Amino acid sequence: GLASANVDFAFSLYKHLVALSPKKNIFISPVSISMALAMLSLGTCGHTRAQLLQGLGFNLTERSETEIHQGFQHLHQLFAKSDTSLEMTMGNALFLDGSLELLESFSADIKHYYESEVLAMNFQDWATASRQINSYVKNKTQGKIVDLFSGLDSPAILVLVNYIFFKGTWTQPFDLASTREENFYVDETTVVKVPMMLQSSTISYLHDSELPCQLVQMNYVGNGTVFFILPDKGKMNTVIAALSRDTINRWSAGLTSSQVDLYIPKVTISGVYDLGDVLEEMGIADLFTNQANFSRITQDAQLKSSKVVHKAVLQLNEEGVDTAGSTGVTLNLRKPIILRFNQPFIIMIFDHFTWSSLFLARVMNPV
């Protein structure tokens, strides 16, 4: 199923990304990356197609591709539904150079399954081109995601874009008057001052006995839900390595209503990731080679993928969360329990309804 494959991609992408930069704050939106690369797969063939879909985790021996795109159409559709549009939006776009014309079926497919806009662009003028697209993404994410492509790209004739924006409200908001500056212990040799939020509430709590960590689950107004995982000091990678469907399943069953003095910091983090190295570690490599099969994009031209970029922002306050994420792919011609989050921790934001991993975080430093 889609929900299982997507989250396994989420955790796998997360684990691999964690290993590449062990001191940086890590914040990503897995569903954005999965929908974008799946939309890209519509224009791929041969070994490139098979390798991509397999990297996203779908078994193309027990599952058709139409089913997959039918699967992402269903999610894209559900993240439009009236009761979630106010708090969540997701969308796709295709930017195309005038020298190229899409095959009827490709442009028809991206419009049917992904509701993608296809917009003409003059890529010969890349300064203008990255300006048009960055603002487009800027606007679609209400200004949270700024300058997605940056000046350090060689020009490219096709750009596939996906964006996600999410604004949730705590069912149990933190106490506004209670926020104070506390110590957040970043390393054994690095200490920072951070705004620490506080609430004393009945909260879902679990001290894990099989893993060196403690965790809480909080819901948002709507269908949003979030996990906060605090590993024991120096056990961050043991908890990350254990992140799977089986662990969160075991956690959900273990979470019990408890009295908690909950201290979480006001996190404002962002991250920019070239997912080239990350994706090829996951086995998605043919896209970038001069043997790339993009024959379903257009009739005549050989296309390869030049760049895959993800950008995401996180804001945490007493009232809620404000998150945004974007992926782009460039193609070229071939008694109360005291729980204190004053050290590195994990954030996992999910949707109760679809189980889509919306946002994953490794907070090394919350400032």
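Heads up: residue numbers just count along the shown sequence, starting at 1.
According to the record, the deposited sequence contains 1 to 3 residues between residue 334 and residue 335 that were left without coordinates. Checked against the record, the higher mean CA B factor of 335 to 343 and 33 to 41 lies with 335 to 343. As the entry records it, the average C-alpha temperature factor is higher for 316 to 324, out of 316 to 324 and 303 to 311. Each of 237, 200, 105, 225 has a CA temperature factor in the record; the biggest one is found at 200. Among 266, 207, 180, 112, the highest C-alpha B-factor recorded in the PDB entry belongs to 207.
Sort the chain's modelled residues by C-alpha temperature factor and residue 121 lands in the highest third, per the entry. In the deposited entry, the Cα temperature factor of residue 15 sits in the bottom third of values across the chain's modelled residues. In this PDB entry, residue 168 carries a Cα temperature factor that places it within the highest third of its chain's modelled residues. Looking at the C-alpha B-factors along this chain, the one for residue 129 belongs to the highest third.
In the PDB entry, a CA B factor belonging to the highest third of its chain's modelled residues is recorded for residue 233.
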